[PDB]
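Take a look at the structure set out below.
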Amino acid sequence: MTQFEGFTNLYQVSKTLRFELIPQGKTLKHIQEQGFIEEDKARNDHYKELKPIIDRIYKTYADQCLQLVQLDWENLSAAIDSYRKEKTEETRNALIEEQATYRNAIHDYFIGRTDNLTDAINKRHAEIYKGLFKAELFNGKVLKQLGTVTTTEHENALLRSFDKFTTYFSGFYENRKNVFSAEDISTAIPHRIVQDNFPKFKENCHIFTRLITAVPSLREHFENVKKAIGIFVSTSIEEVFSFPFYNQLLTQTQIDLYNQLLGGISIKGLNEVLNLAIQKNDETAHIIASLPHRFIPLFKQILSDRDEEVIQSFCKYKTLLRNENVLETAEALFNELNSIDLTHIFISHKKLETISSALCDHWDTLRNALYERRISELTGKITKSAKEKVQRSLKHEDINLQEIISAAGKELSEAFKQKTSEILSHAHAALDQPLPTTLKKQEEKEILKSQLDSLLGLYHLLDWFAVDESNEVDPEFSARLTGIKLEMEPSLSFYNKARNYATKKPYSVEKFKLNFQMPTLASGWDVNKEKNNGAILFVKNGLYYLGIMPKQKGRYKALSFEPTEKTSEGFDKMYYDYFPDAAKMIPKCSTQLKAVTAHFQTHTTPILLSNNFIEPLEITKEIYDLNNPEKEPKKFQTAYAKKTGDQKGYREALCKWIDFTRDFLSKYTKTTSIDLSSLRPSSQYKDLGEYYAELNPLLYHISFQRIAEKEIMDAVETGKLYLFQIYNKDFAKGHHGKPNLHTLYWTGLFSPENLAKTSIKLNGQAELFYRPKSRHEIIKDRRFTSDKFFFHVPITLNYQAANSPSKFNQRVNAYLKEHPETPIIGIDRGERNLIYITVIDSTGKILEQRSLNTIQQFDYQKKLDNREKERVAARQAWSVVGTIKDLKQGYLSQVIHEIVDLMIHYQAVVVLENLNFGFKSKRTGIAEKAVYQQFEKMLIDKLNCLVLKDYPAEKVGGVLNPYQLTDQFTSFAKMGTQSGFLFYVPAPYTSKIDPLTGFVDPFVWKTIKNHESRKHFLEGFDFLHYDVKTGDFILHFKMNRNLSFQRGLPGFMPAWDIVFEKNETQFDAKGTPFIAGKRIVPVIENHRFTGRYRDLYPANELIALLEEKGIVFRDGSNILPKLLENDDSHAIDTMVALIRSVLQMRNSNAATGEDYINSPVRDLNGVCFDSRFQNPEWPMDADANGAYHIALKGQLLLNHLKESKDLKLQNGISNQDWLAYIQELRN
RNA sequence: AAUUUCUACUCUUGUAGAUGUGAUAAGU
DNA sequence: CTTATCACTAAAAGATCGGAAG
DNA sequence: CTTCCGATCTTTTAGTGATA
């Protein structure tokens, strides 16, 4: 019995609020007089300049330490091979522990505990590892200790400039602890060495050994290219791809040399040699090309290397291009292209579509041309292996121009000669048109973009030829193309820089962190650390103040604020109390002091501690062995239970440690005032983590106390305290609407209900930033014209729960299995509606379908329509592109509220569109997969902690009890099918589909081009007849026919009754007349669509065609043999055109506005479904048709949960299963 | 067209929604 | 342009300065 | 007049659980 309102308080979530600080009183004058802001700006500059020096010393220590490892590597290779062959859990954990011990073994080199080094160098490396992550790297100790590093006097002087202030680097310090650690983190050098580079090197070795087993005739060729490249001259080819040589390959420059050997010098590499071998088309070419024939390069090592401004840069670029005469070289190359041999120069395969998009009319016509011409040149009968050989020989291989000019004819030799005679001419204009004076007028940006794109299209035409010498290419043409390529390669870089400059923003959001000459400013608010951190907050009359007390004449003037009776006028100051993360402080303040470990070496008696204790606390020896053992897993850790299985001694030691913790909690002078009667006794705890997760919320407390106003006023006036007012738009005097969500979090954090029972915790690690001025009347950009102080503070919501969600999917599947009647929301994008919603019931009937064009009754469809018009109205308009892309993000940010409101009201499971396994065209408003990915991520992050503004604080959904329905976001690929209530289903076969019987277009088209193909396609049907009672053409289709021309996705039923409906008038529910069965088809000119749309009436056109042919059909007889006997091309062409028009599900015309669907199949009731009927029980528009089938896919996933005994979904549903399920349920 | 920040407007010197900040790596 | 990491800290420990004593 | 011992400011430091 799990209620939907019980899906709250499951895991903590960390958020961060930001506010603006107004300097109250005359603290602005004090800050300006003392000059903190200029000093902090100079120090931020020094920190930015000092970061690469610390990176340099880390780099040289990493290289020096990695050059000494001689580890042996067969064991992890055996482990990963055992995983590859078995794929069981036992070998999986064996591989995991083998990777862990390899990372530990290589980390022993950094920490200097390696078994295979002597003691002196071990002590040297251990001292270096100790001294890297302390202040000893700043004063100059480890600089002399390393010896290798070279530092000039300026870098050294700015490196010692952080003296007595080193902790400014502290997070950065711990950031570098990510790199050198032995953990499984992706930024670890051991992880990069073991789990990333080594699998690629091992598989490189295996492909090399297998390919040298196949034939050794190219082993000498490998030796010659290794000698000619002059890379790794001290070793042969056989041992450079062996495992022990990886012990020399860990350094970055050796990785670079390995990559240079594999890829060549830009002189051929191994990949180019293999390409030359497989392109020869001898027996060795088939014996190697059927085999794996690639070596993927290794990853780089961590921390390793490899308006007038743009106007002047482009002016110098154009002047240098005019001096080099790149247009003259290009026109000379295009002139000599007309006479040289075309066999010796090749076209890169990556633009095999692109040439089809440029030199001809369709983006894949020349690919089909060369494929069918290779098929026509095949010797013997066509088989599967020969077809696959042809497909392989044309899929990823460069092709010379003679095959292009023979398959596609000589006509391209004119058209190509046309197109270059355009582009270089504009390039000539781009090298003749003068530079614009500024970039503030529209025409200046116009002429600038034209100057970029002509030369950019010239690059994109020069990318056509195969720049890689994978075939036999004469080197002088290669030299000329590469020279003119490298003369003007960076034009893409100036294009990107000009686009991002003209795109970004007109403001300067750059800010630097203020510190007020404090090492640890606003790191914590606790009243014992109130002196050093110097950050407090006051509350008065609903307003919130931040007080920062700086050091006075170089010393912390310990000003004390006195308690005051409440009704006296004054600020309210908190008394923050925290014992941070008791799992790590209870070791810290007991059994890990220097005194206790110094005593426990030479003694066995228990030790009594009486420092910061009200009574002497006793530490016996056994608890010291429990916390500090010989091995890494402690006795009371569950890793000991997993590794050994001795549960009895585990439970006894856990009880002893838990008793010691409970004894400790009552006598430390900070935690003595806390009530611990809320804890269950020691023996009732299953493990240790639950104890710490329940104990941690008990140790944090905020209590307000009244401070006299006069003392604060003289503290501000004197200069001992800097008082700022915390501000956003909700603390203004004219504020009367609903607040922002962060203001709701901030107000609910200091509510009395939260102060009594902590649900939101005010975290430490606050930051103060400063932003310069950035250079009734409503002034544009008021917040961006003045220098401003910002305040960034993190908070932790749902503090009473754990940190990790554990099995969120299991819990939500349990709730969904408990409740079968739960509705399903389906979300789907479309044309003429940006986002479309369909909330359906469990039985399949829709409950509410809507378009999300309108938000606050002032719809965004006209915004996208108008902005997309002005896109065209001024070219592409670099300026407007960004406004469109941000209006899309803002539209999605407003759509988030509508979706979570629908989910909350309907208590439903939402079902989104999976962006993998899918392709979406243009015209869908939001199309870009990155923008919708950002949407799905924003939705997951919003439903991670869902809170509504109008809800009460105490109720579920309020600030003190937010809704948590979705698991924490981790990756765009590790989502799977579900994340809590966020279900994902594959995109296609959801928009163009009959919503009542599930008919889909079974043929694959764009292959109806040859005449006998049309003959076989038309002969595939069973029979066509005419009915005079309804005046319709009934054509019968069997799914076992036209299998070569049908898609390979059979449905449930094999029968279909396609109907050409009488194209008469009809009435909807609203009485608006509409022609029944009419279709919309584009007009085609020069075998290409032109965008203009025309209306088609299939039955009337077929009547006209058949009476013009003189075919008698009023008897109800078959017409297909009555028309195929003449073998007329025009008749079969019109028949195919009418079949395509009839099978066209969607019909839209944005110029006139109508948009509908039309199923050409009679249902079980014999009617033909028309979405222009506007039946509320069926999808209104085509976007509703898409969203309803997305919701039905979610319903299918729900049923897949229901039949399964285990509480887990199936994976992504195959399309054949979806079609079978739909055509089984609906018929 | 006013915003801690973004989007979009002006009955209202503001409105409706969203907003995890800072830092460093790595991939294309 | 994405994917992974870490911090969200008070108290112990040690450097720094100033006063007392031989 | 120099050296040793006590206040003050800065800087390290401890580390729990659980599958995919």
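Each reported figure results from applying straightforward, stated rules to the coordinates on display, with no laboratory input. Please note: Cβ atoms are built from the backbone with ideal geometry, for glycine as well, and neighbour counts cover all protein chains shown.
Per-structure values
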{"read-out": "Of A:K417/A:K449; A:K48/A:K134; A:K817/A:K1208; A:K316/A:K497; A:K441/A:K888, those spanning more than 21 Å from alpha-carbon to alpha-carbon", "value": "A:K417/A:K449; A:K441/A:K888"}
{"read-out": "Backbone N within the stretch A:699-743 under 20 Å of label point (7 Å from A:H776 Cα along the Cβ vector)", "value": "A:727-740"}
{"read-out": "Whole-Hz couplings from phi, Karplus 6.51/-1.76/1.60, listed for the stretch A:196-210; x for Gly and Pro", "value": "10, 6, 5, x, 5, 5, 5, 6, 4, 4, 5, 5, 5, 5, 5"}
{"read-out": "Cα centroid separation, the stretch A:2-43 to the stretch A:874-912 (Å)", "value": "28"}
{"read-out": "Separation of the A:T118 and A:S703 label points, Cα + 7 Å toward Cβ, nm", "value": "6.4"}
{"read-out": "In the stretch A:703-752, the GluC sites (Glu not before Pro) that fall in loop regions by DSSP, at most 13 other Cβ within 10 Å", "value": "none"}
{"read-out": "Volume per residue of the C-alpha convex hull in the stretch A:66-188, rounded to whole Å³", "value": "125"}
{"read-out": "Under 18 Å from the Cα of A:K389 - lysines, other chains or at least 8 residues apart", "value": "A:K280, A:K381"}
{"read-out": "Separation of the A:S376 and A:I22 label points, Cα + 7 Å toward Cβ, nm", "value": "8.2"}
{"read-out": "The stretch A:1-75: mean projected area of Cα convex hull, nm²", "value": "14.9"}
{"read-out": "HN-Hα J in Hz across the stretch A:982-988 - Karplus 6.51, -1.76, 1.60, θ = phi - 60°, x for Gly and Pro", "value": "9, 8, 10, 9, x, 5, x"}
{"read-out": "Debye, to nearest 20: dipole size of chain A, +1 on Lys, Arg Cβ, -1 on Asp, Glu Cβ", "value": "2860"}
{"read-out": "Relative packing of A:499-511, A:289-301, which averages over residues the other C-beta atoms within 10 Å, highest first", "value": "A:289-301, A:499-511"}
{"read-out": "Cα-based radius of gyration of the stretch A:733-839 once divided by 2.2 N^0.38 Å, which approximates compact folds", "value": "1.70"}
{"read-out": "For the stretch A:785-850 versus the stretch A:970-1031, the gap between their alpha-carbon centres in whole angstrom", "value": "31"}
{"read-out": "Gyration tensor over alpha-carbon atoms, the stretch A:325-487, equivalent ellipsoid semi-axes in Å", "value": "36, 18, 14"}
{"read-out": "Linear extension gain, A:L887 paired with A:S1214, 0.36 nm per residue minus alpha-carbon span", "value": "114.2 nm"}
{"read-out": "Amide proton proximity set for A:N1063, modelled H, under 5 Å, gap of 5+", "value": "A:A1099, A:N1100"}
{"read-out": "Loop-located trypsin sites (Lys or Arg not before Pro) in the stretch A:789-818 whose Cβ has at most 14 other Cβ within 10 Å (DSSP)", "value": "A:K807"}
{"read-out": "Potential lengthening between A:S170 and A:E155 on full extension [0.36 nm per residue; Cα-Cα distance subtracted]", "value": "3.4 nm"}
{"read-out": "Alpha-carbon radius of gyration plus Dmax, which is the widest Cα pair, for the stretch A:286-369 in Å", "value": "21.2, 59"}
{"read-out": "20 Å cut-off, amide nitrogen to a point 7 angstrom out along A:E411 Cα→Cβ, residues in the stretch A:1050-1091", "value": "A:1084-1090"}
{"read-out": "Which listed pairs, of A:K410/A:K869; A:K59/A:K200; A:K1038/A:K1062, have C-alpha distances above 31 Å, in listed order", "value": "A:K410/A:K869"}
{"read-out": "Built amide H within the under 5 Å cut-off of A:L514, gap 5+", "value": "A:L768, A:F769, A:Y770"}
{"read-out": "Shape call, the stretch A:1011-1178: gyration tensor on alpha carbons, a/c limit 1.5", "value": "rounded"}
{"read-out": "Calculated P(r) of the stretch A:360-422 - Cα pairs past 15 Å, %", "value": "58"}
{"read-out": "Computed over the stretch A:1-129, Kirkwood Rh from alpha-carbon pairs, angstrom", "value": "21.5"}
{"read-out": "If the convex hull is drawn through the Cα atoms of chain A, its volume per residue in Å³", "value": "252"}
{"read-out": "Contour minus Cα-Cα distance for A:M1039 and A:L1225 (0.36 nm per residue)", "value": "65.1 nm"}
{"read-out": "In the stretch A:314-382, the chymotrypsin sites (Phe, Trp or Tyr not before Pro) that fall in loop regions by DSSP, at most 16 other Cβ within 10 Å", "value": "A:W363"}
{"read-out": "Inter-part distance where the stretch A:1118-1189 and the stretch A:143-157 are each reduced to a Cα centre, Å", "value": "78"}
{"read-out": "Candidate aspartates and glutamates for bridging to A:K351, where Cα separation is under 14 Å - those fewer than 8 sequence places away on the same chain excluded", "value": "A:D364, A:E397, A:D398, A:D463, A:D468"}
{"read-out": "In Hz, Karplus ³J(HN,Hα) per residue of the stretch A:1083-1095 (6.51, -1.76, 1.60; θ = phi - 60°; x = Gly, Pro)", "value": "7, 10, 10, 6, 6, 9, 5, 10, x, 6, 10, 9, 8"}
{"read-out": "Paramagnetic reach from A:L608 (point 7 Å along Cα→Cβ, amide N under 17 Å) across the stretch A:646-671", "value": "A:664, A:667-668"}
{"read-out": "Using a Förster distance of 56 Å, the FRET efficiency for A:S842-A:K419 (Cβ separation, nearest 0.05)", "value": "0.40"}
{"read-out": "Descending semi-axes in Å of the stretch A:582-701, equivalent ellipsoid built from Cα gyration tensor", "value": "22, 21, 11"}
{"read-out": "With 5 Å bins from 0: P(r) over the stretch A:1102-1227, alpha-carbon pairs, percent", "value": "2, 7, 12, 14, 14, 12, 12, 11, 7, 4, 3, 1, 1, 0"}
{"read-out": "Approximate shape of the stretch A:897-963 as ellipsoid semi-axes (Cα gyration tensor, √5λ), whole Å, largest first", "value": "30, 11, 10"}
{"read-out": "Alpha carbon convex hull of the stretch A:819-915, projected area averaged over orientations, nm²", "value": "7.3"}
{"read-out": "Stokes-Einstein D for the stretch A:191-289, Kirkwood Rh over Cα pairs, 20 °C, 1.002 mPa s (µm²/s)", "value": "151"}
{"read-out": "Amide H partners (placed H, <5 Å) of A:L71, local residues excluded", "value": "none"}
{"read-out": "Average projection area in nm² (convex hull over Cα atoms of the stretch A:1156-1209, one quarter of hull surface)", "value": "4.9"}
{"read-out": "Principal axis dimensions, the stretch A:72-116 - Cα atoms, whole angstrom, descending", "value": "36, 17, 11"}
